[PDB]
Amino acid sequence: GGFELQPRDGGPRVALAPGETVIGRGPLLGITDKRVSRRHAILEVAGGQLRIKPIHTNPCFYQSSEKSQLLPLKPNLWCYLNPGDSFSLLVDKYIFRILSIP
């Protein structure tokens, strides 16, 4: 099972490869905002699942599919992202919804 990221604003989908992908300020997500680290978080696709680990002092945020609040993630800990969940690299910007691929 694979995954894509759907920006909450409706922009193009972001394909994720198996394994670990460093995300943040860079070409993959297109983020240029200096408040976002070039090494902001790790995404891991493995065994049909996706998890994220923040690796910067500037935080990441997580919104379960059933809730309606972007909550801050604890640093350097893994959090699984289910299809329909969202995460963000700023409190109110660069938000991405998780989509599953067959």
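A residue's number is simply how far along the shown sequence it sits, counting from 1.
56-64 and 31-39 differ in mean CA B-factor, and the higher of the two is recorded for 56-64. In this crystal structure, the stretch out of 42-50 and 70-78 whose C-alpha atoms carry the higher mean B factor is 70-78. Among all modelled residues in its chain, residue 18 ranks in the middle third by Cα B-factor.
Placement of the Cα temperature factor of residue 2 within the chain: middle third of the modelled residues, per the deposited record.
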